[PDB]
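Working notes for the structure below.
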Amino acid sequence: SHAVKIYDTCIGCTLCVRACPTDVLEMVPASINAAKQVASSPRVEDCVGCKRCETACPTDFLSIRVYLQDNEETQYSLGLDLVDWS
Amino acid sequence: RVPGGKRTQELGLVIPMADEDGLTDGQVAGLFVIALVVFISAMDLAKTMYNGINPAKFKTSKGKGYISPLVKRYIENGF
Amino acid sequence: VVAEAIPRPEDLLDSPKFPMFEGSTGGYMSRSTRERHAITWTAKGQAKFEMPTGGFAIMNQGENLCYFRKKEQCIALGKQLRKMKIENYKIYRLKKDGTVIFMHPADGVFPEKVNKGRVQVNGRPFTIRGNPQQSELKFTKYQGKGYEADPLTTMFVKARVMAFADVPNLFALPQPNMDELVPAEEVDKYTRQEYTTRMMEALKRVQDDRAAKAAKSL
Amino acid sequence: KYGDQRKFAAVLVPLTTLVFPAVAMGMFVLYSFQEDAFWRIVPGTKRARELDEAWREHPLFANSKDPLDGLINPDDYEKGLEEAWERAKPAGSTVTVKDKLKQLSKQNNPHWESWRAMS
Amino acid sequence: XXXXXXXXXXXXXXXXXXXXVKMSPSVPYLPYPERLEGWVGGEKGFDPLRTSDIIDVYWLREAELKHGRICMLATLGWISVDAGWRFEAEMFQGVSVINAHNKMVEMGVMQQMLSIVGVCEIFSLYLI
Amino acid sequence: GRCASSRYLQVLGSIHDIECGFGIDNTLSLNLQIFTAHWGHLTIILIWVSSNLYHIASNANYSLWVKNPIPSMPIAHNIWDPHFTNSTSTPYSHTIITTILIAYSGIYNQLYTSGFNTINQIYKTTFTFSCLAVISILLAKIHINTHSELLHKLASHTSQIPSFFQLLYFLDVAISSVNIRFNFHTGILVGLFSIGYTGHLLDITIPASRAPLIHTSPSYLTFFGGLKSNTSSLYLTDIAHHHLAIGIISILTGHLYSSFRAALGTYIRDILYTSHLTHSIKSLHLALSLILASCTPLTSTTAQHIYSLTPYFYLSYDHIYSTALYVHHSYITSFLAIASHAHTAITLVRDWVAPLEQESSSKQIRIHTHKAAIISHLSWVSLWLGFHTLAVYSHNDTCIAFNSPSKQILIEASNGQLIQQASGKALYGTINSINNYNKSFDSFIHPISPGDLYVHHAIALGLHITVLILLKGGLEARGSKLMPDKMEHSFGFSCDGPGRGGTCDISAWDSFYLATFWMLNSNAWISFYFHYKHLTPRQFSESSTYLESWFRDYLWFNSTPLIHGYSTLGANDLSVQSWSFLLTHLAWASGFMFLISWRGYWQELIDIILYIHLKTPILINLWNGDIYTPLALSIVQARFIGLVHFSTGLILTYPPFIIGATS
Ligand code: CLA
Ligand code: CLA
Ligand code: CLA
Ligand code: CLA
Ligand code: CLA
Ligand SMILES: CC1=C(/C=C/C(C)=C/C=C/C(C)=C/C=C/C=C(C)/C=C/C=C(C)/C=C/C2=C(C)CCCC2(C)C)C(C)(C)CCC1
Ligand code: SF4
Ligand code: SF4
């Protein structure tokens, strides 16, 4: 599994949530921006690592950062279809 | 031998071969004994490196360890 | 939210909920995989769509049900449906035993819509540059994972970086007296609270000795 | 004769370039299916857990992984920090040093080293 | 005073009283090497050059015994061969001990003994 | 859950990255593992030396080559391969006699110069080096046990005070100590090793090279010069005196740092703290980088001076030894040079602590403050050299293709000629003030022509670009404008996604990967320069200012004997050379697909193949793929495998050409 971290610079775009192809991200209420909402990654075990969330993030440097961990890959982080690891 | 390359043919460079044996079979066996010793010791070293240090030996292993008197001096001389 | 009773795909042959789909080799590989993902939705008209595994399909005017090997295919189909103004679609992960796990609209509200009761998971309270240096956390809990450090550890290592640049005012750690300390561990005086007082007095002696030695040629 | 060393070759060359390599490949593929396979680079192996716990049992390396290890008198450090924060506390602020540090140590990263659950 | 000093850190060390140091009985001006205490000869306490300050005494006593044992035999061998005691079998007429080594290695009996000493010493190496 | 097929590549990509080990928890374990690995590697080196000595002793003709070295050829080892013709006779054997290989290493001249005369001495030397390998392994075991015994002595260790935990940092003081290591290395390992080799020369090498002389008197220390006429090599007396001088100097230097006592010598930390350094000397990667950067000038000068001033008997008389040694050592030093930069980048990623933002105290800090200036000026000089070397070469090519050799731009290499003139005046003044003059220096100063100037500019271009790529990777390993968090990730990682413009080849490891191609190209240029000047100095001097000459009169022309090796007319003793030539071409081209074609295509291909396997009647009932799931190689693994193929092909394609052209 990868590591998807959300930083304080988030401005509640919701673009990262919409771009995620495996429903890793979600919007949670907060009080650090005018949108009163920040992103969260409660399900990074389903994060394939496509980094579309990083493409969609418009902050100066990404408020959402995906750290690839190749020696950590699970069946969900690899998108295995022909083969089951469970 | 069938030489190749221009220089070997145009200079007559030849490769002599000893008509004797070189080393007798006894000498080769003598070398192979020590090669086997190296081999056994290297397998043991590979095992030790693979398993690494065991810190929990002080709970089971006998003795009480030892720091050589120079190693203590090297410890307190600095770093 | 109430999880449905999504049966195992090998036991629900010929169900009325299955949309009319062409069927291709892209479907989940049986005989090798037992974990299947199922997505259900209720439509209004039999609008044609595209299966994530190749081939097109026609929904049913009532309930719909599809089985897929990967959650990604279910989410792709969910986005495709949501583009057609079809909400109320749920995505389930089926375990090998048949256990049904409710996954995509986890709390019943889509993740792009703020819902109360959620907490920022994997949140870091600083700019991305605020992460501690990897070199600082060597052989600690975060040996090669400086982005996983708790903010207190980041502040602590930042303060350490600030401190370990004023070299002249640092305190050199005294060299241990190996030869005359180091008795058997059973040979201890206990008195833990007194041991910190001994620390204080010994360090005071060390500092006084260092000051006296420095005030000879400086 | 210049030959007569080929008696050694006719055994050694087939041996070390066919029998030993084949045995090595078979032993390697067998080793690949051990629970200990590549325990130093592959996460979540049993031997890695045992080695980490063995290191933690050593009296020197008990509090070695703690990034904050080193404070000789942490009570003195905490008292000094609390005193320094009291003189700089903004107006009627209700945050203390103790709970501030407690909540700054507790982060929410469930998916960190979750591979410590199989072996 | 067996300890080299009495302190807590080696910057404020308090060296032991000069008349109170243990001191070696062999070399009276040197402190006693405490690493030798327990071993057989550790009453003359003789280790200048400090070769036991660096090397486990188990090694040195192993080397000391091997040297002494091998010399006790070699001294007897040289004395007997010099006084004239050549083994009963023929081919052992080396006339003189000084040329016995080169004579016998030519005959072929030294290569046998070197093998027999070699295997026992390899067994010794495993034991050590 | 379990792993996929990429586990093997992932594990083997960091199989020796002891810092990445999972059980390793402290610098004690890391340092002890590294020390034991050093012992094992020394054992491997000793076994390799004993191997060469054995094969020279047994399957070779040292006893006959020593008698008539100039026209004779040495034997590497016998050939025992059941694939050859069981009938007739191979081109590598004298009819019914066994099959042999000609040695191109140079060990024969080494042993002859060192004083070897008989096979028995070589056999005894082989035995002694095998003994030394045993000794090295036993030392590894000894040190593992001594450190484990210190660890166990921590079961009887307490300071009776909370400062007892300080002993954690001193457990590996045996390995991590620097002052003692520097003192004893520079003194013993350098100076006294040189002095012992001077003793070896005076006792054996000089006695076993001339008629019997006095009892190794001090007249054995001469100051002649170079190239003794008869053997076309340096005087052994000169070599002994050189080693004696170096030994004395390094022995004196070795008493610099505070090694064994606190009352003698200055500390390295205090030396650095009062200079333009004060780097983090506790980093193992930093030490490795700066000693690899030390073995690089040593190996490059070894390559240069084995050829320019041949030190071994009859080494210049071998047309293949001289080129093979130079090319080998040039490649070794290029690898070490790029290694130094790679480990500097790894040091910056892993083992460097930096101030907050502005404290310009560390040397790395000051370098990083203006890193953009460094990279911009390196790019400028690289662009200038490339433009003005390629353009002048193109001018010469075009004007010589147009039947106008006199229209070329030939800048006379005036600066190199001035340096050569000054050195030659110094050497001639040395020689003229001798009663035993008429000495020779072989190729210490060589004819320098406009072709030499252009090739030197090309070599400078290659070095500049290699340093540019490596230095940019090192300086931006901790963060660039494109990816301002690069020190949070590994030293090598795939990419940063297709967004933000696209981020392929963004890691510092990717900078190393790009720079290895330029290292190979620069080394190829250097080796081509040396080999072309070696084959025909006259033709190189005249026709080497236009690249078509390099293409035709060197590559196309000198490849004639190699391709003719095995054909439909018979075979030569170059058959292995031609076969390896083609095999290395295949290896070089095979790595193109690992570099050009990238992962996703192949991952889809592997999914299709896996579909087949899970669809085939018998396979599906034995193997569902859930155990060792076949997956396409990851991105970094793919780049590394393509780099390995490319490097192997480019490097190993050259020795067949060298052997075919020179022999
Ligand atoms: C010379 C270099 C080279 C070689 C050998 C290959 C080889 C291959 N490519 Mg490839 N490729 C290359 C360069 C090369 N490529 C380059 C530069 C590109 C540009 C991007 C591509 C792009 C590319 C694509 C896009 C595709 C291929 C495909 C293929 C495969 C189809 C051919 C096949 O199966 O034959 C078999 C392979 C051989 C090398 C033939 C020789 C086999 C040897 C001689 C016999 C066995 C040796 C013997 C067992 C020795 C044992 C080993 C020893 C250790 C004991 C094959 C593995 C296709 C594929 O995989 O589809 C099936 C495919 O889709 N390639
Ligand atoms: C190879 C021979 C050898 C070896 C390995 C030892 C080993 C040992 N002896 Mg021992 N001893 C020896 C010969 C040897 N002895 C002889 C011949 C005598 C008679 C004088 C003694 C008398 C003696 C006494 C009285 C005592 C010891 C003790 C010891 C122990 C501690 C001393 C130590 O660390 O030295 C070990 C290391 C070495 C001996 C290496 C020395 C090698 C040097 C470099 C050679 C220098 C001499 C050289 C040949 C002369 C130069 C010739 C010319 C220039 C003048 C140790 C087990 C002490 C003991 O019992 O402690 C438990 C003790 O009290 N020894
Ligand atoms: C340090 C010990 C030592 C050594 C190296 C020698 C060496 C030698 N002796 Mg000698 N000798 C010794 C002690 C020694 N001696 C003692 C103590 C005595 C008195 C009993 C003699 C009495 C003696 C006689 C009377 C003669 C020799 C002769 C010789 C020479 C030829 C021997 C031969 O061919 O092998 C014969 C032996 C073998 C082929 C193998 C014997 C088996 C070995 C020695 C025992 C096993 C090896 C190992 C040590 C295992 C024991 C372990 C133990 C520690 C528990 C040779 C130079 C001969 C000579 O010089 O004249 C021609 C001769 O005639 N020796
Ligand atoms: C106004 C035009 C202009 C100016 C003043 C400079 C000035 C500079 N460039 Mg540069 N550059 C330019 C355009 C320009 N560049 C363009 C268009 C490119 C894209 C190819 C580059 C690519 C480039 C690189 C890659 C590098 C520089 C570098 C440099 C610096 C060293 C000098 C050098 O290498 O020149 C050589 C310049 C080139 C090789 C680029 C080609 C020159 C172009 C074609 C000139 C275009 C001028 C323009 C058409 C004028 C139109 C006027 C009209 C509208 C009125 C210097 C500050 C180097 C540096 O940073 O070192 C300090 C360096 O490494 N430049
Ligand atoms: C980036 C620029 C650059 C670089 C890296 C090199 C590098 C090298 N040159 Mg070189 N050279 C250059 C530019 C450069 N040159 C120019 C512009 C000329 C004039 C045509 C020469 C003429 C030249 C000769 C004649 C010789 C070398 C040689 C060498 C080699 C030995 C080092 C040496 O003595 O150089 C000298 C150092 C320099 C030239 C540095 C100057 C850098 C400046 C900035 C370049 C621009 C200067 C400018 C055009 C002057 C204009 C004057 C005008 C106002 C009147 C080395 C590979 C020697 C060689 O390889 O012999 C085997 C040799 O004999 N060079
Ligand atoms: C009994 C006997 C015999 C037999 C013998 C034999 C059987 C032998 C064999 C031998 C052999 C068969 C040998 C082999 C060897 C090998 C080697 C010697 C190798 C080595 C290697 C090394 C040393 C390295 C290692 C390593 C690695 C690579 C991994 C990692 C780690 C290390 C580094 C360790 C006879 C009768 C004859 C005689 C008598 C006695
Ligand atoms: S795209 Fe970036 S800024 Fe926008 S909500 Fe997601 S994380 Fe926050
Ligand atoms: S990397 Fe892809 S799957 Fe992972 S959180 Fe970002 S968008 Fe979602």
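Taken together, the values in this text are just the output of simple stated rules run on the coordinates, not laboratory data. Virtual Cβ from ideal backbone geometry, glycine too; neighbours counted across all protein chains shown.
Report yes if C:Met178 is more than 25 Å from F:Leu154 (Cβ to Cβ) and over 40 Å from the mean Cα position of the chain (by Cα), otherwise no.
Taking the combined requirement at face value, the residue does not satisfy it.
Can you tell me which of C:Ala106, C:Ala43 is of a type in the set (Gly, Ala, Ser) and over 25 Å from D:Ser114 (Cα atoms)? Show your work before the answer.
Numbers: C:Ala106 fails: over 25 Å from D:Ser114 (Cα atoms).
The conditions single out C:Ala43.
Against the condition over 18 Å from F:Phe657 (Cα atoms) and β-branched (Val, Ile, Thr), how does F:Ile506 come out, does it pass?
Numbers: over 18 Å from F:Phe657 (Cα atoms): yes; β-branched (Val, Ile, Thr): yes.
So F:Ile506 passes the test.
In region F:554-613, which residue that is more than 14 Å from chain B (Cβ to nearest Cβ) and farther than 30 Å from F:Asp505 by Cα is surrounded by the fewest Cβ atoms within 10 Å (Cβ to Cβ)? Write out each step before concluding.
Filtering region F:554-613 down to residues more than 14 Å from chain B (Cβ to nearest Cβ) leaves F:554-556, F:568, F:582-613.
Right, trim to farther than 30 Å from F:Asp505 by Cα and you get F:554-556, F:568, F:582, F:611-613.
Details: F:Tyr554: 21, F:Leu555: 13, F:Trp556: 10, F:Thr568: 4, F:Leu582: 13, F:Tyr611: 16, F:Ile612: 9, F:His613: 15.
Out of the qualifying residues, it is F:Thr568.
Could you check region F:394-403 and list, in sequence order, the residues that are surrounded by 11 or more Cβ atoms within 10 Å (Cβ to Cβ) and either within 14 Å of F:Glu542 (Cα to Cα) or of a type in the set (A, V, I, L, M) (or both)? Steps first, answer last, please.
Going residue by residue through region F:394-403, those that are surrounded by 11 or more Cβ atoms within 10 Å (Cβ to Cβ) are F:394-400.
Within region F:394-403, F:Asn396, F:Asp397, F:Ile400 meet the criteria.
Going residue by residue through region E:92-101, is there one that turns out to be more than 16 Å from ligand 3 (Cβ to nearest atom), surrounded by 10 or more Cβ atoms within 10 Å (Cβ to Cβ) and either small (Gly, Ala, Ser) or closer than 30 Å to F:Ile142 by Cα (or both)? Spell out how you get there, then give the answer.
Applying the first criterion (more than 16 Å from ligand 3 (Cβ to nearest atom)) to region E:92-101 yields none.
No, the conditions are met nowhere in region E:92-101.
Can you tell me which condition C:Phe139 does not meet? The list is (1) free of Cβ contacts under 8 Å to residues at least 24 places away in the same chain; (2) within 14 Å of chain E (Cβ to nearest Cβ), and all the others hold.
Of (1) free of Cβ contacts under 8 Å to residues at least 24 places away in the same chain; (2) within 14 Å of chain E (Cβ to nearest Cβ), only one is false for C:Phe139: (2).
Within region F:247-276, how many residues are in contact with a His (Cβ under 9 Å, 6 or more places away or on another chain) and under 13 Å from F:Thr186 (Cβ atoms)? It would help to see each step written out before you state the result.
Of the residues in region F:247-276, the ones in contact with a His (Cβ under 9 Å, 6 or more places away or on another chain) are F:254, F:264-265, F:272.
From the residues that got through so far, the ones that are under 13 Å from F:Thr186 (Cβ atoms) too are F:254, F:265.
The number of residues fulfilling the criteria is 2.
Name the single residue, out of those in region B:17-47 being more than 9 Å from chain F (Cβ to nearest Cβ) and over 23 Å from D:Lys7 (Cα atoms), that is farthest from ligand 4 (Cβ to nearest atom).
Top of the filtered list is B:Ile40.
Cβ-Cβ below 7 Å, separation at least six or inter-chain, first residue in region F:410-422 and more than 17 Å from F:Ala460 (Cβ to Cβ) and more than 14 Å from every other protein chain (Cβ to nearest Cβ), second away from ligand 8 (no atom under 16 Å from the Cβ) and part of a helix (DSSP H, G or I): which pairs?
F:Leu410/F:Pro450; F:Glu412/F:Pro450
Being crowded, with 18+ Cβ neighbours inside 10 Å and either in a loop (DSSP other than H, G, I, E, B) or facing chain A (nearest Cβ under 7 Å) (or both) is the filter here; which residues of region C:71-105 pass it?
First, pick out the residues of region C:71-105 that are crowded, with 18+ Cβ neighbours inside 10 Å: C:71-78, C:81, C:86, C:89-94, C:103-105.
Within region C:71-105, C:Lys71, C:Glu72, C:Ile75, C:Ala76, C:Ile86, C:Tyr89, C:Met103, C:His104, C:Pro105 qualify.
Residue-by-condition table, conditions (1) under 19 Å from F:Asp172 (Cα atoms); (2) surrounded by 15 or more Cβ atoms within 10 Å (Cβ to Cβ); (3) in contact with a helix residue (DSSP H, G or I) (Cβ under 8 Å, 6 or more places away or on another chain); (4) of a type outside the set (A, V, I, L, M, F, W, C):
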position: F:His16; (1), (2), (3), (4): no, no, yes, yes
position: F:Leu30; (1), (2), (3), (4): yes, yes, yes, no
position: F:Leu46; (1), (2), (3), (4): no, yes, yes, no
position: F:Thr85; (1), (2), (3), (4): no, no, no, yes
position: F:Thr90; (1), (2), (3), (4): no, yes, no, yes
position: F:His94; (1), (2), (3), (4): no, yes, no, yes
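Could you please let me know if F:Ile338 is assigned to a loop (DSSP other than H, G, I, E, B) and touching a residue at least 24 places away in the same chain (Cβ under 8 Å)? Walk me through how you get there before you give the answer.
Details: assigned to a loop (DSSP other than H, G, I, E, B): no; touching a residue at least 24 places away in the same chain (Cβ under 8 Å): yes.
So F:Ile338 does not fit the description; no.
If you check every pair at least six apart or on different chains, which have Cβ atoms under 6 Å apart with a residue in region F:272-295 that is under 22 Å from F:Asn31 (Cα atoms) first and a residue that is of a type in the set (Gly, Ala, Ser) second?
So the pair list comes out as F:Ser289/F:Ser340; F:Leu292/F:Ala339; F:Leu292/F:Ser340; F:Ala293/F:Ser340.
At least 2 residues that are within 16 Å of ligand 6 (Cβ to nearest atom) in each: list the helices (runs of 4 or more DSSP H) lying fully within region E:53-128 that qualify. Before the answer, list the steps.
Numbers: elements: E:57-83, E:100-107, E:110-127.
Ranges flagged: E:110-127.
Taking region F:527-558 on its own, how many of its residues are outside any helix (DSSP H, G or I) and over 29 Å from the mean Cα position of the chain (by Cα)?
The initial filter retains those residues of region F:527-558 that are outside any helix (DSSP H, G or I), namely F:536, F:543-546.
Imposing the further condition that a residue be over 29 Å from the mean Cα position of the chain (by Cα) reduces the set to F:543, F:545-546.
Adding up the residues that qualify gives 3.
May I ask you to say which residue of F:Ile137, F:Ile75 is closer than 30 Å to B:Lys59 by Cα and not acidic (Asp, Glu)?
Details: F:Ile75 fails: closer than 30 Å to B:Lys59 by Cα.
So the residue among F:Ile137, F:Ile75 that is closer than 30 Å to B:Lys59 by Cα and not acidic (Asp, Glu) is F:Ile137.
Taking helices (runs of 4 or more DSSP H) that fall entirely within region F:113-186, which contain at least 3 residues that are in contact with a strand residue (DSSP E or B) (Cβ under 8 Å, 6 or more places away or on another chain)? Let's see the steps before the verdict.
Details: elements: F:119-153, F:173-176, F:179-184.
Those helices (runs of 4 or more DSSP H) span F:179-184.
Give me the residue from region E:38-53 that is at positive phi and small (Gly, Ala, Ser) and, out of that set, nearest to the other protein chains (Cβ to nearest Cβ). Walk me through how you get there before you give the answer.
Filtering region E:38-53 for residues at positive phi gives E:38, E:45, E:49-50.
Pick out the ones that are also small (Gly, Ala, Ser) and you get E:38, E:45.
Details: E:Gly38: 12, E:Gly45: 14 Å.
That would be E:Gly38.
Which residues, taken from region D:80-117, are of a type in the set (S, T, N, Q) and outside any loop (DSSP other than H, G, I, E, B)? Lay out the reasoning, then the answer.
Keep residues of region D:80-117 that are of a type in the set (S, T, N, Q), which gives D:93-94, D:96, D:103, D:105, D:107-109, D:114.
Result: D:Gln103, D:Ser105.
Take F:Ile144 and tell me if it is facing chain B (nearest Cβ under 10 Å), surrounded by 18 or more Cβ atoms within 10 Å (Cβ to Cβ) and farther than 22 Å from B:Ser61 by Cα.
On the way: facing chain B (nearest Cβ under 10 Å): yes; surrounded by 18 or more Cβ atoms within 10 Å (Cβ to Cβ): yes; farther than 22 Å from B:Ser61 by Cα: no.
So F:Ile144 does not fit the description; no.
Please work out which residue is farthest from F:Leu168 (Cα to Cα), limiting yourself to region B:38-57 and to residues that are touching a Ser or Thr at 6+ places or on another chain (Cβ under 8 Å) and in a helix (DSSP H, G or I). So that I can check it myself, show each step before the final result.
So the first thing to find is which residues in region B:38-57 are touching a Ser or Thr at 6+ places or on another chain (Cβ under 8 Å), and the list is B:38, B:42, B:45, B:48-49, B:52-54, B:57.
Imposing the further condition that a residue be in a helix (DSSP H, G or I) reduces the set to B:38, B:42, B:45, B:48-49, B:57.
On the way: B:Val38: 35, B:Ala42: 30, B:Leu45: 26, B:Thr48: 23, B:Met49: 22, B:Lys57: 17 Å.
Result: B:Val38.
Which residues, taken from region C:114-132, are surrounded by 19 or more Cβ atoms within 10 Å (Cβ to Cβ) and either more than 7 Å from chain A (Cβ to nearest Cβ) or more than 18 Å from the chain's Cα centre (by Cα) (or both)?
Of all residues in region C:114-132, those surrounded by 19 or more Cβ atoms within 10 Å (Cβ to Cβ) come to C:118, C:120-124, C:128, C:131-132.
Listed by number, the residues that qualify are C:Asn131, C:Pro132.
Residue-wise test of (1) under 21 Å from F:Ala661 (Cβ atoms); (2) among the small types (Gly, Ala, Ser); (3) not in a helix (DSSP H, G or I).
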{"residue": "F:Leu325", "(1), (2), (3)": "yes, no, no"}
{"residue": "F:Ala345", "(1), (2), (3)": "no, yes, no"}
{"residue": "F:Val349", "(1), (2), (3)": "no, no, no"}
{"residue": "F:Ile367", "(1), (2), (3)": "no, no, no"}
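Would you mention how many residues in region D:81-119 are exposed (fewer than 12 other Cβ atoms within 10 Å of the Cβ) and more than 30 Å from the chain's Cα centre (by Cα)?
13
Got at least one residue in region F:136-147 being without any contact (Cβ under 8 Å) to a residue 40 or more places away in the chain, farther than 30 Å from D:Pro74 by Cα and under 30 Å from the mean Cα position of the chain (by Cα)?
First pass over region F:136-147, keeping only residues without any contact (Cβ under 8 Å) to a residue 40 or more places away in the chain: F:138, F:141-142, F:145-146.
With farther than 30 Å from D:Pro74 by Cα added as a condition, the list becomes F:138, F:141-142, F:145-146.
From the residues that got through so far, the ones that are under 30 Å from the mean Cα position of the chain (by Cα) too are F:138, F:141.
Scanning region F:136-147 turns up at least one residue that is without any contact (Cβ under 8 Å) to a residue 40 or more places away in the chain, farther than 30 Å from D:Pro74 by Cα and under 30 Å from the mean Cα position of the chain (by Cα).
Can we say C:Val109 is in a loop (DSSP other than H, G, I, E, B), more than 7 Å from chain A (Cβ to nearest Cβ) and within 23 Å of the chain's Cα centre (by Cα)? Steps first, answer last, please.
Details: in a loop (DSSP other than H, G, I, E, B): yes; more than 7 Å from chain A (Cβ to nearest Cβ): yes; within 23 Å of the chain's Cα centre (by Cα): yes.
Taking the combined requirement at face value, the residue satisfies it.
For A:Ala30, indicate whether it is of a type in the set (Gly, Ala, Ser) and either surrounded by 20 or more Cβ atoms within 10 Å (Cβ to Cβ) or within 16 Å of ligand 1 (Cβ to nearest atom) (or both). Spell out how you get there, then give the answer.
Numbers: of a type in the set (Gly, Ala, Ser): yes; either surrounded by 20 or more Cβ atoms within 10 Å (Cβ to Cβ) or within 16 Å of ligand 1 (Cβ to nearest atom) (or both): yes.
Yes; evaluated as a whole, the condition is true for this residue.
Can you spot a residue in region F:472-490 that is farther than 29 Å from C:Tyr142 by Cβ, in contact (Cβ under 8 Å) with a residue 40 or more places away in the chain and out of contact with any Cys (no Cβ under 9 Å at 6 or more places or on another chain)?
no
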